[PDB]
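Protein chains in written order, with PDB author numbering: chain A, 125 to 257; chain B, 289 to 348; chain C, 705 to 749; chain D, 52 to 229; chain E, 0 to 63, 71 to 237. No residue lacks a Cβ here, since even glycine has one placed at the ideal position from N, Cα and C. This report refers to the structure that appears directly beneath it.
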Amino acid sequence: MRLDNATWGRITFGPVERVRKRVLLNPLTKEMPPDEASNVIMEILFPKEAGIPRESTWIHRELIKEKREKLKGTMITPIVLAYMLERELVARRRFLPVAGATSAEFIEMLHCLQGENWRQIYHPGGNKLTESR
Amino acid sequence: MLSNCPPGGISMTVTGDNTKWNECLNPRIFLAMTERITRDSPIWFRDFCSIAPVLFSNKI
Amino acid sequence: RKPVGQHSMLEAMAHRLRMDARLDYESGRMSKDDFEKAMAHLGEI
Amino acid sequence: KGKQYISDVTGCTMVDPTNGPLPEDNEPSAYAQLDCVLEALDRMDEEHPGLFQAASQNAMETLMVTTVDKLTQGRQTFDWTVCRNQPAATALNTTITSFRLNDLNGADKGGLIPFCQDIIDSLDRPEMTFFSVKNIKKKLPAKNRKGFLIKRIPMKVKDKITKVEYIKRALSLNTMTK
Amino acid sequence: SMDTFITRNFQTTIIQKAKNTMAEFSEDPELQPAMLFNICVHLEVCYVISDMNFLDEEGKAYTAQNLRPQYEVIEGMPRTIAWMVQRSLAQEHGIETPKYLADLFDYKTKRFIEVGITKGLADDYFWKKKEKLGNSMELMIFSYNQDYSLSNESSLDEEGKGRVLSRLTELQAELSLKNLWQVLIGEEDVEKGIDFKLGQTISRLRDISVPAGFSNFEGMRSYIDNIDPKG
RNA sequence: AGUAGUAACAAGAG
RNA sequence: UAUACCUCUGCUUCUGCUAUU
RNA sequence: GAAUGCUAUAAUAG
């Protein structure tokens with residue numbers, strides 16, 4: 125959807141100094157530590173085998189409730205549902221050569237954003253965070 | 289390391305490589321390395337780390 | 705997620721199934737005739 | 052050119068180059084001097100203050116948490132019970148099953164430390180016993196002319212090895228080509 | 000001693016269940032047996048409440071072939087099994103799971119029960135454990151000086167209330183009889199240091215894994231720690 | 001034969 | 001011995017450690 | 001005007 129509802133500017137030829145920085149690869153719905161995320165995932169899919177209730181359960185109470193209602197009607201294997209939620213809760217943060225675009229929704233399109241000797245203007249779709257603005 | 293070179297001097301770079309690396313490096317030295325590094329660790333942990341080098345020093 | 709426990713695998717499996725059955729009975733998922741067999745079979749462990 | 056001696060554990064021909072005579076040529080030398088290493092380590096420790104203990108701490112705290120299943124992620128490992136390479140996950144299993152026969156249940160506790168305790172303890176066992184499978188013929192009824200069928204069923208048999216034979220296997224390294 | 004005491008009084012079922020519960024927290028049953036007794040009593044007191052308590056198909060309590075009790079024992083069962091049971095019940099009936107692990111659960115009342123054995127006063131110890139819970143579990147505290155302090159809604163029958171007080175001051179007398187009551191009076195506290203001792207074989211291997219000019223490993227250890235090899 | 005190259009395959013097994 | 005002009009097999013004829021994660 | 005640090009079956013590197 126972000127690619128589809130996008131707008132491409134102009135390509136420009138000229139030197140680009142790329143800097144290698146640790147950036148987020150994929151936009152998350154809500155960012156948590158692995159452990160916090162894991163427990164939130166447990167509450168959604170496997171309530172009985174959750175273990176000790178952590179305070180984290182209460183913090184993401186609406187997320188769990190929301191997700192559990194959305195994934196309620198399904199016949200897909202729970203292990204697949206687990207890793208899908210993990211994909212959009214656990215952060216994939218890795219080193220990449222960037223040049224004036226750190227936002228995940230930009231990073232995901234990093235291959236089309238620039239090279240060493242050229243730069244392409246690209247506007248993602250949907251929404252953009254006010255903090256990132 | 290480039291910029292911190294003395295002015296009016298020469299900075300040189302030895303593109304290096306160590307031959308017979310695994311063949312020469314001795315376990316008994318690696319045992320010493322653990323003993324030195326685990327100086328202020330409890331006695332059990334000093335002994336724990338010491339095993340792996342010891343096993344390699346008697347390897348078949 | 706990796707299950708944790710130094711106890712027996714059978715022990716774990718027994719209790720969970722015992723619970724599941726008890727709740728399945730009282731809830732009304734499981735029948736009396738089935739619950740008879742449930743506790744009987746679990747008794748053999 | 053180092054100290055050659057016979058191991059009173061395995062009976063093997065051990066050679067020790069360390070603290071040996073310094074080389075007279077540019078041919079590869081293993082004759083590293085302990086003092087020179089320790090000095091180099093000291094210099095490192097000076098210029099990186101309190102890193103050794105900092106690392107030793109974290110490493111030690113890591114060990115405590117580390118489970119045994121950590122060993123079930125390393126390609127083909129040498130299995131001493133069958134004297135051939137096996138998958139890491141099976142190599143561990145075979146060792147755990149064999150350890151139980153010699154009254155070594157450290158693996159059951161879950162952590163790596165008590166399992167490791169069992170490994171160095173297993174060297175003190177006078178004889179080490181382990182399962183090794185043998186096949187057995189058995190008549191089984193069938194819609195056959197003669198009315199039966201022979202099938203080979205495997206059964207675990209307890210094999211023993213001596214204190215030394217086990218040690219050597221523990222210290223053994225399987226070789227291949229890259 | 001305490002070691003041989005527990006063999007006479009308690010059954011081997013109660014012994015091993017407590018030892019496992021105590022082992023989970025990584026504390027030696029033999030080196031700290033005062034703490035073992037606490038859990039043993041905690042377990043035996045709990046098991047007496049759910050010994051003969053049953054439920055019929057209509058849904059009423061009675062005293063006992072047949073298999074469906076009125077109570078559900080949680081203390082004694084390994085952590086993950088105990089928690090599974092606690093979560094399973096809460097979800098089915100439709101109530102919030104307590105943050106701390108419960109001891110018992112009544113199928114008729116449909117509420118969690120917290121048990122606590124105390125040395126001194128029973129009534130004061132009720133208010134100590136009212137801070138954490140509040141209104142999560144229906145507390146049921148007991149002490150050794152023949153004193154009871156239950157919640158307002160007490161399901162425990164007067165006949166069953168006696169059996170607790172019997173064993174409370176049956177074994178208490180047995181502790182004083184053999185002069186072993188004074189063992190639990192003292193403050194037992196010691197940290198369980200993770201020791202890793204080397205055997206005979208591996209030690210010998212380490213002694214022969216030494217650089218030249220060293221008798222044994224002890225020599226190498228001290229040399230590295232002590233002497234300064236500058237220059 | 002050939003592939004190939006410090007040692008193999010050019011079928012192996014019941 | 002024989003079944004066998006049959007049947008089974010095609011990384012298992014020893015494939016390590018570590019980093020990019 | 002910063003972060004959030006981890007763990008694959010490929011490939012490359014040592």
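**OP:** With DSSP collapsed to three states, give me the class of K189/D.
**Re:** Counting from 1 along the fourth sequence, the entry for residue 189/D is found at position 138. Reduced to three states, the DSSP call for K189/D is strand.
Original post:
Looking at C-beta atoms only, is the number of pairs between the segment 139-148 of chain A and the segment 238-245 of chain A that lie closer than 8 Å three or more?
Top reply: yes
Original post:
How about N310/B: is its C-beta nearer than 8 Å to some C-beta of chain D?
Top reply: As a position in the second sequence, residue 310/B is number 22, starting the count at 1. For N310/B, the answer is no, since every Cβ of chain D falls outside 8 Å of its Cβ.
Original post:
How many angstroms separate the CA atom of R185/A from the CA atom of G162/D?
Top reply: For the purposes of this step, residue 185/A is identified with residue 61 of the first sequence, where counting begins at 1. For the purposes of this step, residue 162/D is identified with residue 111 of the fourth sequence, where counting begins at 1. Those two C-alpha atoms are separated by around 34 Å.
Original post:
In terms of DSSP beta bridges, what is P205/D paired with?
Top reply: Sequence index remark: in the fourth sequence, residue 205/D carries index 154 (1-based). Answer by DSSP bridge pairing, in chain order: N186/D.
Subject >> For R176/D, the three-state DSSP class (helix, strand or coil) >> reply: Indexing the fourth sequence from 1 puts residue 176/D at position 125. DSSP places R176/D in coil when its eight states are reduced to three.
Subject >> Below-8 Å beta-carbon distance, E98/E vs any chain C residue >> reply: The residue you call residue 98/E lines up with position 92 of the fifth sequence. True, the Cβ-Cβ gap to chain C drops below 8 Å.
**OP:** Indicate whether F219/A and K145/A have their beta-carbon atoms separated by less than 8 Å.
**Re:** Against the first sequence, residue 219/A aligns to sequence position 95. Against the first sequence, residue 145/A aligns to sequence position 21. Cβ distance < 8 Å, so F219/A and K145/A count as in contact.
**OP:** Using a Cβ-Cβ cut-off of less than 7 Å, give me the residues of the segment 323-335 of chain B that come near chain D, in sequence order.
**Re:** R324, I325, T326, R327, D328, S329, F333
Original post:
Among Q55/D, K54/D, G53/D, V60/D, which one has its Cα closest to the Cα of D213/E?
Top reply: Looking up residue 213/E in the fifth sequence gives position 207. Nearest of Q55/D, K54/D, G53/D, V60/D to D213/E, Cα basis: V60/D.
Subject >> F111/E burial status per 10 Å Cβ neighbour count (16 or more: buried) >> reply: In the fifth sequence, the residue the question calls residue 111/E occupies position 105. Answer is buried; the Cβ neighbour count reaches 16.
Subject >> 8 Å Cβ cutoff, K145/A in contact with chain E >> reply: Locating residue 145/A in the first sequence gives position 21, counting from the first residue. Chain E, which has no Cβ nearer than 8 Å to the Cβ of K145/A, makes this no.
Subject >> Closer than 8 Å to chain C by CB, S256/A >> reply: Counted from its first residue, the first sequence places residue 256/A at position 132. No, because no Cβ of chain C sits closer than 8 Å to the Cβ of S256/A.
Original post:
In chain order, what residues of the segment 204-220 of chain E put their CB closer than 8 Å to some CB of chain B?
Top reply: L204, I208, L211, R212, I214, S215, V216, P217
Original post:
Can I5/E and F36/E be called in contact, C-beta distance under 8 Å?
Top reply: Within the fifth sequence, the letter at position 6 stands for residue 5/E. Within the fifth sequence, the letter at position 37 stands for residue 36/E. Their beta carbons are under 8 Å apart, which means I5/E touches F36/E by this criterion.
**OP:** Taking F53/E as the reference, give the member of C45/E, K136/E, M90/E, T62/E with the closest Cα.
**Re:** If you number the fifth sequence from 1, residue 53/E lands on position 54. Out of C45/E, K136/E, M90/E, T62/E, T62/E has the C-alpha closest to the C-alpha of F53/E.
Subject >> For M227/D, three-class secondary structure by DSSP >> reply: Here residue 227/D refers to the residue found at position 176 when the fourth sequence is read from its first residue. Residue state, collapsed to three classes: coil.
**OP:** Determine which residues share a DSSP beta bridge with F53/E and list them.
**Re:** Taking the first residue of the fifth sequence as 1, we reach residue 53/E at position 54. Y61/E, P75/E, per the DSSP bridge assignment.
Original post:
Touch check for the segment 137-144 of chain D and the segment 192-212 of chain D: three-plus C-beta pairs under 8 Å?
Top reply: In short, these stretches do not touch, since the Cβ pair count stays below three.
**OP:** Would you decide whether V208/D is buried or exposed? Buried here means 16 or more other CB atoms lie within 10 Å of its CB.
**Re:** By one-based count along the fourth sequence, residue 208/D stands at place 157. Its Cβ having fewer than 16 others within 10 Å, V208/D is exposed.
Original post:
When we look at the beta-carbon of residue 265/A and count the other beta-carbons within 10 Å, is it buried (16 or more) or exposed?
Top reply: Nothing about residue 265/A can be reported from this structure: the residues present for chain A run from 125 to 257 only.
**OP:** Flag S162/A as yes if its beta-carbon sits less than 8 Å from any beta-carbon of chain C, otherwise no.
**Re:** For the purposes of this step, residue 162/A is taken as residue 38 along the first sequence, with counting starting at 1. Answer yes: the Cβ-Cβ gap between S162/A and chain C drops below 8 Å somewhere.
Original post:
Taking DSSP as the reference, what is the three-state secondary structure of residue 104/A?
Top reply: With chain A running from 125 to 257 in the structure shown, residue 104/A is simply not present.
Original post:
Expressed to the nearest angstrom, what Euclidean distance is found between the alpha-carbon atoms of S94/E and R151/D?
Top reply: As a first step, residue 94/E must be located in the fifth sequence, where it is residue number 88. As a first step, residue 151/D must be located in the fourth sequence, where it is residue number 100. Using only the alpha carbons, I get a separation of about 35 Å.
Original post:
In this structure, what does DSSP give as the bridge partners for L110/E?
Top reply: What you label residue 110/E is simply residue 104 of the fifth sequence in a count that begins at 1. Bridge partners of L110/E: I119/E.
**OP:** Give a yes or no on whether the minimum CB-CB distance between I14/E and chain B is below 8 Å.
**Re:** For this step, residue 14/E is matched to residue 15 along the fifth sequence. Cβ-Cβ to chain B under 8 Å: no for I14/E.
Original post:
Taking Cβ positions, are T181/A and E193/A nearer each other than 8 Å?
Top reply: If you number the first sequence from 1, residue 181/A lands on position 57. If you number the first sequence from 1, residue 193/A lands on position 69. No, these two residues do not count as a Cβ contact at 8 Å.
**OP:** Determine whether the Cβ of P165/D lies closer than 8 Å to any Cβ atom of chain B.
**Re:** For the purposes of this step, residue 165/D is identified with residue 114 of the fourth sequence, where counting begins at 1. So no, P165/D is outside the interface.
**OP:** Compare the C-beta of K18/E against all C-beta atoms of chain D and say whether one is closer than 8 Å.
**Re:** If you number the fifth sequence from 1, residue 18/E lands on position 19. The beta-carbon of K18/E is placed no less than 8 Å from the nearest beta-carbon of chain D.
Original post:
Which chain B residues are close to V88/D, counting only those with a beta carbon under 9 Å from its beta carbon?
Top reply: The residue labelled residue 88/D in the question sits at position 37 within the fourth sequence. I317, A320, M321, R324, listed in chain order.
Original post:
Relative to the C-alpha of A716/C, which residue among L181/E, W89/E, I191/E, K167/E is closest?
Top reply: The count along the third sequence starts at 1 and reaches residue 716/C at position 12. If we check each option's Cα against that of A716/C, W89/E comes out closest.
**OP:** For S731/C, go through chain E and note every residue whose CB falls closer than 8 Å to its CB, in chain order.
**Re:** The count along the third sequence starts at 1 and reaches residue 731/C at position 27. Chain-order list of chain E residues neighbouring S731/C: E98, by C-beta distance under 8 Å.
Original post:
Applying a beta-carbon distance threshold of less than 9 Å, which residues of chain A neighbour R705/C?
Top reply: Numbered from 1 along the third sequence, position 1 holds the residue referred to as residue 705/C. Chain A residues near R705/C: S162, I165, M166, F170, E173, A206.
Original post:
From the beta carbon of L85/D, is the nearest beta carbon of chain E less than 8 Å away?
Top reply: Translated into the one-based positions of the fourth sequence, residue 85/D becomes position 34. Yes - at least one Cβ of chain E is within 8 Å of the one on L85/D.
**OP:** Just the C-alpha distance for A340/B and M125/A, rounded to the nearest angstrom, thanks.
**Re:** By one-based count along the second sequence, residue 340/B stands at place 52. By one-based count along the first sequence, residue 125/A stands at place 1. If you take the alpha carbons of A340/B and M125/A, they lie about 54 Å apart.
Original post:
What are the partner residues of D67/D, as DSSP defines its beta bridges?
Top reply: Mapped onto the fourth sequence, residue 67/D falls at position 16. For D67/D, DSSP records a beta bridge to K54/D.
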